[PDB]
Amino acid sequence: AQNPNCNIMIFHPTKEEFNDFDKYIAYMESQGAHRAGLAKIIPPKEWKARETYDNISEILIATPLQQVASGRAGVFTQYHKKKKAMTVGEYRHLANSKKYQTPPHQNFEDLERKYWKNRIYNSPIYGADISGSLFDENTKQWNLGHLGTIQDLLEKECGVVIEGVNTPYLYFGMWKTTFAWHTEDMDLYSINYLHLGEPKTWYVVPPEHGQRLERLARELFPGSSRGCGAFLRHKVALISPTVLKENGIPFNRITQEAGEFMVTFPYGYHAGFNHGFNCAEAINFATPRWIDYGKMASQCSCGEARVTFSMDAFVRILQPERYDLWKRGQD
Ligand SMILES: O=C(O)CNC(=O)C(=O)O
Ligand SMILES: [Mg+2]
Ligand code: NI
Ligand SMILES: [Zn+2]
C-alpha cells in the first residue's frame, strides 16, 4: 500500500503532465496521495493563472463575514456576522490596517503559535464564497472554471442525467480568517488555488480516520452533537493541533503559498487559517472513486447546513432513502 503513514504529498508536474487533469489526479492517487486527505501541487514554471492581478480591486464582496469566536483558545466555534458590502480594494485596505494586519513574527511556526493563542480574541472579516473566477480564459491547464462537471461525472459513471451546475468560488482572506473543520458537500474532492497574497495553513485528518475526529468533536461540542447527527456540516467548529495531539487524533499540517494548488480528497476533514491578505479560488470536483463516498456521505437534516441547488440531485440519486428527511432540512 502506497503512503501508509498518510503523509501529505507534494507534487511537481511537468508542463506535459499538467495537460490532462483527470489523469494527473489518478496518478497522485496511484502514489497514495489520497490517504493523507490533502495534497499540494506546484505548477510547472512555465504556467500562469493569468497575466497580472493589477486589475482586481473593483470586484465586489457583497456580504463580508465577521467571524466571531466563542469557547476556549483550542476549542471554539465561530459564527458569521454579515457586514456591509465592500470592494476588494476596500477589503485589502482593511486587511492591512493596524486593527487587522498580520503581527510581527519570525516564521510560519511562530505565526501558527500566535494564531492558536490569540484567534479567539479577535473577529477578522472574510470575503468568502463569491461566485466567480480569476483564471484567464486562455489558461488551458488546471483552469478551475473549465473542469469537467460533477453532473457529467455522475452521468458518465451511473448513466443518469441530472440538473445542476458546478462553478468556482473566490475567497478573499485576512490575518486570522478561519475555515472550520469539515469535509466537502457529499464528501466531494475540492481544489484550491492561492492566486495571490499571504499564505494559508491547512490541517487535515486522513479519510480512513475521519470518524475519530467526529467522535472527538461530539465530546467537545456536546450541545451541538445532540442538536444534529452531522453538525460538522455546519462548518463552525475549531479544534487546535495541541488538542488533537492530546486526544490522539491523527492529522497533518502544511502551509500553501501563492501560486500553489491544494487538493482535498473525499472524506478528508480539513481546517485552517489565512496569514494575511490573500485571494483563493476553489471548486468541488468528482472522479469515479468518489461515487462510493458520495453514497455514504453523512447529511445534516437539522436545517442549519443549508446548501446549493445542485446537491439535491446528488442526494436524490445516490441517497434515495435519505432524500425525504434531508429535503425537509433544505426547506
Ligand atoms: O480557503 C478556504 O477558506 C476554504 N477552502 C476549502 O475548504 C477548500 O478549498 O476545500
Ligand atoms: Mg476589478
Ligand atoms: Ni473545503
Ligand atoms: Zn445540522
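Sequential numbering of the sequence shown, starting at 11, is according to the UniProt record's numbering. C-beta atoms are modelled at their ideal positions from N, C-alpha and C, and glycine is treated no differently.
> On the three-state DSSP scale, how would you describe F241?
Replying inline: Residue 241 sits at position 231 when you count from the first residue of the sequence shown. Helix, per DSSP.
>> Excluding the 5 residues flanking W300 on each side, which residues of the same chain have their C-beta closer than 7 angstroms to its C-beta?
In response: To locate residue 300, count along the sequence shown from 1; it is residue 290. Closer than 7 angstroms at the Cβ level, and outside the excluded window around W300, lie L198, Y199, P276.
> With distances taken between CB atoms, is the gap from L48 to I201 smaller than 8 angstroms?
Replying inline: Counting from one through the sequence shown, the residue named residue 48 turns up at place 38. Counting from one through the sequence shown, the residue named residue 201 turns up at place 191. No. Outside cutoff.
> Does the stretch 71-90 touch the stretch 236-248, meaning 3 or more C-beta pairs lie closer than 8 angstroms?
Replying inline: yes
>> Going residue by residue through the stretch 156-207, where are the continuous alpha helix (DSSP H) segments of at least 4 residues, counting only ones entirely within it?
In response: List check, alpha helix (DSSP H) in window: 160-168.
>> Short of 7 angstroms in beta carbon distance, which residues of its chain neighbour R225, apart from the five on each side in sequence? Order them along the chain.
In response: Counting from one through the sequence shown, the residue named residue 225 turns up at place 215. Here the set comprises nothing.
> Can you list the alpha helix (DSSP H) stretches of 4 or more residues lying completely in the stretch 219-282, in chain order?
Replying inline: 220-230, 232-237, 251-256
> Across which residues does DSSP place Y37 in a beta bridge pair?
Replying inline: Numbered from 1 along the sequence shown, position 27 holds the residue referred to as residue 37. According to DSSP, which records beta bridges pairwise, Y37 is partnered with nothing at all.
>> Starting from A79, trace the beta strand (DSSP E) in both directions and tell me its first and last residue.
In response: Residue 79 sits at position 69 when you count from the first residue of the sequence shown. Start and end: 75-82.
> Of the choices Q116, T149, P251, whose alpha-carbon is the least far from that of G84?
Replying inline: Indexing the sequence shown from 1 puts residue 84 at position 74. Checked all of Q116, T149, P251; the closest Cα to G84 is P251.
> What are the boundary residues of the beta strand (DSSP E) that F21 is part of?
Replying inline: Taking the first residue of the sequence shown as position 1, residue 21 is located at position 11. Counting along the chain, the beta strand (DSSP E) containing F21 begins and ends at 19-21.
>> For ligand 2, I want to know if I66 counts as a neighbour, meaning its beta carbon is within less than 7 angstroms of at least one of the ligand's heavy atoms.
In response: Counting from 1 along the sequence shown, the entry for residue 66 is found at position 56. Yes, since a heavy atom of ligand 2 falls inside the 7 angstroms radius drawn around the Cβ of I66.
> How big is the Cα-Cα spacing for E119 and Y181?
Replying inline: Position 109 of the sequence shown, counting from 1, holds the residue named residue 119. Position 171 of the sequence shown, counting from 1, holds the residue named residue 181. If you take the alpha carbons of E119 and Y181, they lie about 23 angstroms apart.
>> Going by the DSSP bridge assignment, what does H90 pair with across the sheet?
In response: The residue labelled residue 90 in the question sits at position 80 within the sequence shown. DSSP, once it has assigned bridges, lists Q77 as partnering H90.
> Would you report the Cα separation of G42 and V273, rounded to the nearest angstrom?
Replying inline: By 1-based counting over the sequence shown, the position of residue 42 is 32. By 1-based counting over the sequence shown, the position of residue 273 is 263. Those two C-alpha atoms are separated by around 13 angstroms.
>> Taking the alpha carbon of residue 3 as the reference point, which residue from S40, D64, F28, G158 has its own alpha carbon closest?
In response: Beyond the ends of the chain as shown, which are 11 and 341, falls residue 3; an answer cannot be given.
> So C238 and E314 are in contact, right, with Cβ under 8 angstroms, and what is the actual spacing, rounded?
Replying inline: Position 228 of the sequence shown, counting from 1, holds the residue named residue 238. Position 304 of the sequence shown, counting from 1, holds the residue named residue 314. Right, the Cβ-Cβ distance comes to about 7 angstroms (below 8 angstroms), so this counts as a contact.
> Do you know how far the Cα of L157 is from the Cα of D32?
Replying inline: Position 22 of the sequence shown, counted from the first residue, corresponds to residue 32. Position 147 of the sequence shown, counted from the first residue, corresponds to residue 157. When rounded, the distance between both Cα atoms is 9 angstroms.
> Got a sec, what are the start and stop residues for the beta strand (DSSP E) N117 sits in?
Replying inline: Locating residue 117 in the sequence shown gives position 107, counting from the first residue. Looking at the DSSP string, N117 is not in any beta strand (DSSP E), and its letter there is neither H nor E.
> Closer than 7 angstroms: is that where the CB of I71 sits relative to any heavy atom of ligand 2?
Replying inline: Translated into positions along the sequence shown, residue 71 becomes position 61. No, the beta carbon of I71 sits no closer than 7 angstroms to any heavy atom of ligand 2.
> Nearest to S67 by alpha carbon, out of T159, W185, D322, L144?
Replying inline: Taking the sequence shown and counting its residues from 1, one reaches residue 67 at position 57. Closest by alpha carbon: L144.
>> Does the distance between the C-beta of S200 and the nearest non-hydrogen atom of ligand 1 fall short of 7 angstroms?
In response: What you label residue 200 is simply residue 190 of the sequence shown in a count that begins at 1. The answer is yes for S200.
>> According to DSSP, is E331 part of a helix, a strand, or is it coil?
In response: Taking the sequence shown and counting its residues from 1, the one referred to as residue 331 is at position 321. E331: helix per DSSP, three-state reduction.
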